[PDB]
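Laboratory data are not the source of any read-out in this text; all were calculated from the coordinates shown. Cβ sites come from the backbone with ideal geometry, for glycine too, and all protein chains shown count toward neighbours.
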Amino acid sequence: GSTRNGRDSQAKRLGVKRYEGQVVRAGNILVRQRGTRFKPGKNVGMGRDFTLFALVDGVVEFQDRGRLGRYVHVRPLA
Amino acid sequence: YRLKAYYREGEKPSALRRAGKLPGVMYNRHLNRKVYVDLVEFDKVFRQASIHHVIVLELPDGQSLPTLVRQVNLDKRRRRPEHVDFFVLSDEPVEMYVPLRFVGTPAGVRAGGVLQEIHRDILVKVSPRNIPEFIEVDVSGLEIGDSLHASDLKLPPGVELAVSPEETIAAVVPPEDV
Amino acid sequence: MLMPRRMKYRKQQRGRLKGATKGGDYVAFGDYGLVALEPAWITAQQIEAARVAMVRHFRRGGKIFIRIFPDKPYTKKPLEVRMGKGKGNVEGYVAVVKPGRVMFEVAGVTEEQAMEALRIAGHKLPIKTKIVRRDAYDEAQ
Amino acid sequence: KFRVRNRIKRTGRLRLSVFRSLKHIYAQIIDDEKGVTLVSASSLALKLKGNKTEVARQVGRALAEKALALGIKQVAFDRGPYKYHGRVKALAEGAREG
RNA sequence: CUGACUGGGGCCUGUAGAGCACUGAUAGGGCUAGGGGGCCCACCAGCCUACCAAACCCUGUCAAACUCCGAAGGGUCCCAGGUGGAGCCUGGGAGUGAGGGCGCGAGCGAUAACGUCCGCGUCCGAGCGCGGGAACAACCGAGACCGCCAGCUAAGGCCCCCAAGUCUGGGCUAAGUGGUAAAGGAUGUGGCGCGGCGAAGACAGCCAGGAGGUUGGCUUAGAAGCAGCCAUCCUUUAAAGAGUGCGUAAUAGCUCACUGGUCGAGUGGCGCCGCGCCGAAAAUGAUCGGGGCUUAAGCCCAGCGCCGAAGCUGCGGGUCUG
RNA sequence: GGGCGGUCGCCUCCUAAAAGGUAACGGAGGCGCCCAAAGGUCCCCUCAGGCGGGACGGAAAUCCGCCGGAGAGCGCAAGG
RNA sequence: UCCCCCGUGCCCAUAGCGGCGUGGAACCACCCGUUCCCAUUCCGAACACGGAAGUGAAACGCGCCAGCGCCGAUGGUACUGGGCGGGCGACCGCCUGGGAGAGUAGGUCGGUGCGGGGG
Ligand SMILES: [Mg+2]
Ligand SMILES: [Mg+2]
Ligand SMILES: [Mg+2]
Ligand SMILES: [Mg+2]
Ligand SMILES: [Mg+2]
Ligand SMILES: [Mg+2]
Ligand SMILES: [Mg+2]
Ligand SMILES: [Mg+2]
Ligand SMILES: [Mg+2]
Ligand SMILES: [Mg+2]
Ligand SMILES: [Mg+2]
Ligand SMILES: [Mg+2]
Ligand SMILES: [Mg+2]
Ligand SMILES: [Mg+2]
Ligand SMILES: [Mg+2]
Ligand SMILES: [Mg+2]
Ligand SMILES: [Mg+2]
Ligand SMILES: [Mg+2]
Ligand SMILES: [Mg+2]
Ligand SMILES: [Mg+2]
Ligand SMILES: [Mg+2]
Ligand SMILES: [Mg+2]
Ligand SMILES: [Mg+2]
Ligand SMILES: [Mg+2]
Ligand SMILES: [Mg+2]
Ligand SMILES: [Mg+2]
Ligand SMILES: [Mg+2]
Ligand SMILES: [Mg+2]
Ligand SMILES: [Mg+2]
Ligand SMILES: [Mg+2]
């Protein structure tokens, strides 16, 4: 007659942290993702927990186009 | 048959459908022209003039359009039509759903079922000249166990047959005993 | 009564009752239909009480059609119990219905007998349920 | 539907493509995400020698001197359908160095 | 000049909605791995299953923990507007960490609570200062610096307490509905559309031979139209069934569905729609604030005015900031 | 309301209102570990099922061919 | 300044699936062997090597077929920021913008780069 189950985990708080059209530095996390919802393009590196970040600085761009997954492209400025 | 038409130029029409003037649109290959028809004329002819009959539509340009219905959107807690999609037929074997029916003793009338699966006789495409008004299906002896239709004896006179399937057709169900 | 034999989870929520119909206005099975007009719930006791009131009314012919299925567990706490301490027990599965949805559809019953039978089963439900016949208002092209 | 796809990684952005047919071979050098073939050296387009595995030395010197003639050094090497065995086209000029 | 907010461009989501292709449940119909099994046969040499039923395909569905789909919105970044008790950085100084109401999106509850707990916003708290709602913090308007025997308005009203129309029109309600709530019911009225009939005479009326095979057939006593069965008739006629309700144990009988006239110009079934009636019985004295109100002093669509705050302007005076 | 009962930390899904967060004695479940390979690099292959068969074989052991684009598997509950 | 074929791409099922053609002078594939460099929990099937006497059957390209699959228009609501009201409640109505998912018409069995071979 008691409460069977009333606990819940603390949120790890994932999500897209840098959208496109944003000037970034070398090292900014583009997206905190649980699984690899985004695939690395140019100048994009993954880590341990599928987190991809920028290798250089510039204006970032998404969706080169599909059929393999969503793309992240850190494009440098010239 | 013999229904009037008008024009629409991107109006309000939720405010126009208060006096029994529901909107519409007709086409055969192009010219998606927005019209509105009258509700007691369209409803009164639409009492018996079903999908099989070619409802013709007088237009202020002087043309008589051989149309039919594509869908009647039910008002869904009011039981009314919002918008009816007309379909002009052209020189093309267009698609038709003909409400055929059943005549005869169903299953030996005392030991009879229901024969409720009408389902609008799934599809028959036709030229505009060989289009029918009524095709008859008999139910000569079809008692409870055997003798089902199975669309094998579904050869209509002429044009055309059912295209892909032969599976949806009426059958005999047992009654509700106490 | 009747109940779903398998579920993913036992208890679930209530929600709201808005929306028009989400399907279920065209009859497509029988020649008549008992269509609802007010949003409420349909218990399995309301299903049984309306289903018995057909087969006991008309006999030897006419198949009855039901197009309602209870998948929502009505959750009620026991009597003289304070608030909290989890949800209550499950007593009977209810069925959410929307206005303008056709619930009961008679088959093989005539006009003056189907109006009467749907009139008898109309009083077994807490909803204003009017009666519609077979019209040309199908979804065919 | 056989494919190995060692051409999918592309960390180095400049590769030398190799195709080995059962008659002879031919090779290209592609620039990635642009779609422009810079230089190539093809057997039976220059018809160097009959034996198919003796091609790799002369097309290695030929594609090497045409690569240095076009002024590209930092290149790479694909292994899409084929093992690094048999023909090698080994070179000592250009940054492939294998 | 970056800020709240807004405009022009991208990016993101998986909620509302919708859907079954995925995860499960499912109302039927067809096909039938097979199984109590087999009509029962040298067992495979079957046959229909009115026996059950796997899996598959259609007509149909449901989902916070399902998404092939998928907005309105929100967030973020670039440019522009935005000089505002706007923002940004540092330091000093408190208070708060019992909240509550309302509308929406929700959970628990019982789709109960002026009930509990979140989010989006407002208000009270801290504006119990003001006007309306009779009185009342969160329902509406409005953000009170002070003063004037000045106007215009917001919400709400214009029969009197109570300041302003017994205003001008078109209908509606006979219940004090207004001024207390549901399922259901009823020639209550007013409006729209369909059908039949009709002055080759229509409805309710008053008179009529209101019938012959035929008590059709063991119907278990009894089946004459009338407890309940078959497969449902025909012919005599200027109109009549295997009968509309009684009445009989069954009879008999009374009324008929169907129709002939001397009459008389309209007559029934409906499907919506506005306001109504019953359902509606609690405990000190009753009432919509009260008196009263019926071509209204209620209800629906309008129009011209007026009353109406501490709101705004007319004027004077003080303070604070630039 | 307190006591009795249940819970005290971490993870997964929903509630949770399409950025992030978000409560209840709200619903459904797991954990206090394990792998010298169940790690790194390099090189080969594509799964689970269904159909047609087999010599045993439950309708699942092992083998062949076709269909099968991810319904399998990824140490462990759930999600990606 | 063009057609055919081979590599390598970008569009992300309008590119595939299934059926019907067609091609080897020219590439490519098939084939004949394994003798060595190589390999197989086993085998030259797949990697590797000599070839190349025979072939386009299979696979591979091009062309056709809309049903199989996919994409999918104008209206019309569902829904909803925002504002205004109704119902005792469950929940609805109007205006202003925005605007789906199914379904219907229809479309398709490809479009477009770079470098080579032959005419
Ligand atoms: Mg493949
Ligand atoms: Mg590989
Ligand atoms: Mg290979
Ligand atoms: Mg600015
Ligand atoms: Mg900003
Ligand atoms: Mg904006
Ligand atoms: Mg959802
Ligand atoms: Mg939903
Ligand atoms: Mg947007
Ligand atoms: Mg401030
Ligand atoms: Mg505290
Ligand atoms: Mg607190
Ligand atoms: Mg709170
Ligand atoms: Mg409270
Ligand atoms: Mg409440
Ligand atoms: Mg305040
Ligand atoms: Mg007070
Ligand atoms: Mg007041
Ligand atoms: Mg106040
Ligand atoms: Mg002030
Ligand atoms: Mg005034
Ligand atoms: Mg006065
Ligand atoms: Mg009342
Ligand atoms: Mg008047
Ligand atoms: Mg002021
Ligand atoms: Mg002044
Ligand atoms: Mg979220
Ligand atoms: Mg949100
Ligand atoms: Mg590993
Ligand atoms: Mg209720």
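The residue that is nearest to ligand 2 (Cβ to nearest atom), counting only those in segment A:31-49 that are within 12 Å of another protein chain (Cβ to nearest Cβ) and touching a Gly at 6+ places or on another chain (Cβ under 8 Å), is A:39. It is to be established whether one or more residues within segment D:56-72 are away from chain A (no Cβ under 14 Å), more than 16 Å from ligand 2 (Cβ to nearest atom), touching a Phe, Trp or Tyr at 6+ places or on another chain (Cβ under 9 Å) and within 15 Å of residue D:98 (Cα to Cα). Taking every residue of segment D:56-72 in turn, at least one turns out to be away from chain A (no Cβ under 14 Å), more than 16 Å from ligand 2 (Cβ to nearest atom), touching a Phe, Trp or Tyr at 6+ places or on another chain (Cβ under 9 Å) and within 15 Å of residue D:98 (Cα to Cα). Looking for something within 16 Å of ligand 3 (Cβ to nearest atom), surrounded by 16 or more Cβ atoms within 10 Å (Cβ to Cβ) and under 30 Å from residue A:44 (Cβ atoms) - is there at least one such residue anywhere in segment D:17-39? Looking through segment D:17-39, at least one residue is within 16 Å of ligand 3 (Cβ to nearest atom), surrounded by 16 or more Cβ atoms within 10 Å (Cβ to Cβ) and under 30 Å from residue A:44 (Cβ atoms). Meeting the requirement of 2 or more residues that are under 15 Å from the mean Cα position of the chain (by Cα), the strands (runs of 3 or more DSSP E) wholly within segment B:35-124 are B:55-58, B:64-74, B:81-88, B:94-96. Evaluate the following for residue D:22: is it over 14 Å from the mean Cα position of the chain (by Cα) and away from chain A (no Cβ under 14 Å)? Answer is yes for this residue. The number of residues in segment B:26-58 being within 14 Å of chain C (Cβ to nearest Cβ), of a type in the set (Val, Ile, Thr) and within 14 Å of RNA strand G (Cβ to nearest atom) comes to 1. Filtered by the rule that a residue be among the aromatic types (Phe, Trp, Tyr) and either within 11 Å of residue D:79 (Cα to Cα) or free of Cβ contacts under 8 Å to residues at least 12 places away in the same chain (or both), segment D:3-29 gives a lone residue, D:19.
You will find that of B:163, B:139, B:109, B:159, the residue that is exposed (fewer than 14 other Cβ atoms within 10 Å of the Cβ), away from chain C (no Cβ under 12 Å) and away from ligand 2 (no atom under 16 Å from the Cβ) is B:163 and no other. Considered as a group, the residues in segment D:5-15 that are within 16 Å of ligand 1 (Cβ to nearest atom) and exposed (fewer than 11 other Cβ atoms within 10 Å of the Cβ) include one that is farthest from the other protein chains (Cβ to nearest Cβ), and that residue is D:5. Just to verify a result, which residue in segment C:93-111, among those that are in contact with a helix residue (DSSP H, G or I) (Cβ under 9 Å, 6 or more places away or on another chain), among the aliphatic types (A, V, I, L, M) and within 14 Å of chain B (Cβ to nearest Cβ), is nearest to RNA strand E (Cβ to nearest atom)? Among those that are in contact with a helix residue (DSSP H, G or I) (Cβ under 9 Å, 6 or more places away or on another chain), among the aliphatic types (A, V, I, L, M) and within 14 Å of chain B (Cβ to nearest Cβ), it is C:103.
Only residues that are away from RNA strand E (no atom under 12 Å from the Cβ) and either surrounded by 10 or more Cβ atoms within 10 Å (Cβ to Cβ) or within 12 Å of the chain's Cα centre (by Cα) (or both) were counted in segment A:1-29, giving 3.
The set of residues in segment B:113-134 that are more than 10 Å from residue B:160 (Cα to Cα), crowded, with 17+ Cβ neighbours inside 10 Å and more than 9 Å from every other protein chain (Cβ to nearest Cβ) comprises B:121, B:122. When residue C:110 is tested against (1) farther than 30 Å from residue B:178 by Cβ; (2) free of Cβ contacts under 8 Å to residues at least 12 places away in the same chain; (3) not small (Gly, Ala, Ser), just one condition goes unmet, and that condition is (1).
Can you say whether residue C:114 is buried (at least 18 other Cβ atoms within 10 Å of the Cβ) and within 12 Å of chain B (Cβ to nearest Cβ), as far as the supplied structure shows? Judged against the criteria, residue C:114 is not a match. Only one of the numbered conditions (1) surrounded by fewer than 12 Cβ atoms within 10 Å (Cβ to Cβ); (2) free of Cβ contacts under 8 Å to residues at least 40 places away in the same chain is violated by residue C:52, and that is (1). Kindly indicate whether any position in segment D:78-90 is within 24 Å of residue A:64 (Cβ to Cβ) and not small (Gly, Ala, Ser). Within segment D:78-90, one or more residues are within 24 Å of residue A:64 (Cβ to Cβ) and not small (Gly, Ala, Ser).
Under the condition of being in contact (Cβ under 8 Å) with a residue 24 or more places away in the chain and out of contact with any helix residue (DSSP H, G or I) (no Cβ under 6 Å at 6 or more places or on another chain), which residue from segment C:76-92 is farthest from RNA strand F (Cβ to nearest atom)? Taking the candidates together, the pick is C:90.
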